[PDB]
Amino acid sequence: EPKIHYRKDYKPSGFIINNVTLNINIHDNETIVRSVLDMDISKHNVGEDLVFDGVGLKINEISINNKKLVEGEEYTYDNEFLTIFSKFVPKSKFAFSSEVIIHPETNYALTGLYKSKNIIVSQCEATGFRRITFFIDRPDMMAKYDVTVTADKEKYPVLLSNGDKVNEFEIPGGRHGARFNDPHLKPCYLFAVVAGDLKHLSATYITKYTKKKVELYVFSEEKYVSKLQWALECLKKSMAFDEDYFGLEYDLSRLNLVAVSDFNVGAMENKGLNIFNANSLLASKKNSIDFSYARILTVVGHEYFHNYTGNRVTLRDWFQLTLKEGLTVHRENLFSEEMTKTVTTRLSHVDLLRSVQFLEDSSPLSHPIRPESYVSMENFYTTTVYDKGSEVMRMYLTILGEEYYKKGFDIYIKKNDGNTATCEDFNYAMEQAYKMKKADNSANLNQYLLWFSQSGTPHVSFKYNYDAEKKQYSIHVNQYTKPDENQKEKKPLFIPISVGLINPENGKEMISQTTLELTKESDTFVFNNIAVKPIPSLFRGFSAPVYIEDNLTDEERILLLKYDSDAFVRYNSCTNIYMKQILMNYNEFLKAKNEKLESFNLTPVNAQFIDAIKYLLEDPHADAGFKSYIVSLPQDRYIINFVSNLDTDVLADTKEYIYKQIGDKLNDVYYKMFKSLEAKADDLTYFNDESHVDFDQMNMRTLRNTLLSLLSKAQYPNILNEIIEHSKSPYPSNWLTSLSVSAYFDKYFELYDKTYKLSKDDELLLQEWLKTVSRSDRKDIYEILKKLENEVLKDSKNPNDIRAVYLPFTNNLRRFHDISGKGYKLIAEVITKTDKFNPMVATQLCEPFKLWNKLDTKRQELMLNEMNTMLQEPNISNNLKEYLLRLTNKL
């Protein structure tokens, strides 16, 4: 029965905070925070008490207009809210001031002000500023910030906060201070401070239009300063992209990026002072796997793009979160697609959406991208809000085209720059462009708003007709969203369907690609002068976030896979072929299990599909990244969206059969390709250059490592020789793959020790090594996890360490879901232990339970018993309690 906030209840504050003047004085065993708030009474004031958020603060004194308030008589504080009785609240402009004590050195929850190794750092989104000092801690309370930080100079030579550094000064006793002025009004969740012995790389950027000089700095601890350069390159690329595509320039004289080792999320867009999980900022080619480079490009870009979509235009309230996150992910997706120029970039986003986000949207946690209520906002930084939000933001571009999309985006910025905004404000701007494109001032996007308010994944299904004498082709389309616990009645959405038509005789396009606008529950689209029966290429680029039911034969899907122009449709046609096979074999194994059959049949894999995989693999002009997708079955969390009461044992048996069906025909091709790809995949050009990344070459290594895994599982003759040579590669992607694939051989623990020694002296590489062990397909994985706990992880409270040890293992379909329930018990024990010092990470660790009600009856009960046991833990966090109550349909 928690405190629940509702979107419909929004109302402006009765107060105004115009300026914030902070003095943050860091000592070994306490930090003293002095704060002066220059305040006023708003037009919405009705004489209410003045209530500040303030969580876990120790009050030394509080004052109004430099007269101390008296506890009990004039205020009360209950460790969450400071209430000043209205009788003592002025009726015009006044100053509120306070001095509180906080303890970053024991703040293991990494919210508010905390210590990460030898760095002091803040994290204030969403509602952490109230853990530093008193505030009306909501994003519509925008103010200007004057921040002084003081500390021991030897321990903390670098002091940072938002904006211009206006003074530096020495203090008796070996201390010093620095003062910052941020001229841009901001909500308090964008405040940040950093103190540490930081080293940096720097550059000067000159903006495109106003020719402003901007100093760019990237910071880390001294040991890792050599890992800063790619992030700086990524920042320069991000700034140029926002200038080139959106015409947006940076608006301060300096921008700082800072890496810290202990961080709950990827990074944070604090104004002029972006703070990063080190794993999302630091890399070097000797000490990072390839995937670090796309991760840093993404996160550095994302944080930079927030400078407009989030900071200069911010949020009226937290229900609008997708307005900054969906939009900023979309901006980062456009950026990364342009930077990498690989079709796999878009494909990876689709692969993530249709696995983890579709799972979420059919789970008890399902919510629209603009939720209707919350208890802890930190539980709603979800793949729905971010990734479905991004697809909803991308649909605007698909509908409008680039020219009118840019026009609408510029309207959004112009109308809302410097202010809070709502999702409706964005839709309104897009609507102005829509009216232009349609040349119709009665056109509107009112229906489009359902994408913000309606939960659940739409299902879009197709039927076809071709009249050869008339040369007339028809596509009959239906949409359906399943009722859920948010709406028992669902409405049709505005679904853009990018389509082409392929001539199956020559593989050629038969129409100009066109985007069909489905706005009704069903529609028929007719095409004339279609000279022969086509195969339709549907939802090109994955043009709407939906379940696609193409009702094509496997023969037609093979032709698309081979000849279509659109990477997504080729990949999806392959996905659909696999799913048809998976569901068939799954049912065959399931019946044999349920009926305790002594003999039964399995349906073999389609031989023409196997031939098509071989054809694409052997094509020297086809794309290595795309090839790695075609030889992999769909993700387990994708598959589960199509199976009721999923028995994970039967699914594992199903995958095993299909992979071996294909390998028994293609392993020699796999081996030949693994060998022929080596020269180009592993070429050492630019290995000593952190300013250039070859994303195509990286995709060649991904393909090689995918093929090696398939060949190792298959026990291909003498493949251990290749694994051992692979362990000698300079590329960590390769030598960590050699550990993974050696799980099937007696050399596993030899390579475990070899790669440990290669990893143990770099904090981030060791975490990648932990992930590799955790995900190893070992029969003794439970004993290996104990080894990691006892020898490596031990008592670490570092979120990266804990997540590395446990989350990859939870994707071990056969072992995590052991029918004894021991894997559920193991992870629940970790969740409960972690919740006592880091509620956010504890809730992140709950991820495997999200599919609990989609599993077979026995596993459902096992998972539910562990969740209810977690709910019984004394002093459970609000974060974890809310999450588990919602997930078990109690909230």
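Residue indices: 1-based, along the sequence shown.
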>> Test of understanding: from the entry's C-alpha B-factors, which stretch has the higher mean, 507-515 or 120-128?
In response: 507-515
> Do the C-alpha atoms of 714-722 or of 390-398 have the higher average B factor in the entry?
Replying inline: 714-722
> Which one of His476, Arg704, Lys672, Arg803 shows the biggest C-alpha B-factor in the PDB entry?
Replying inline: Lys672
> Hey, out of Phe462, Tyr250, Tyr434, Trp230, whose CA B-factor is highest in the deposited coordinates?
Replying inline: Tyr434
>> Test of reading the entry: by CA B factor among the chain's modelled residues, which third contains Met584?
In response: middle
>> Lowest, middle or highest third: which one holds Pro536 when the chain's residues are ordered by CA B-factor from the entry?
In response: lowest
> By its CA B factor, does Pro368 count among the lowest, middle or highest third of the modelled residues in the chain?
Replying inline: middle
> In terms of the chain's CA B-factor thirds, is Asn838 lowest, middle or highest?
Replying inline: lowest
> Hey, what third does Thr810 fall into on Cα B-factor, ranked over its chain?
Replying inline: middle
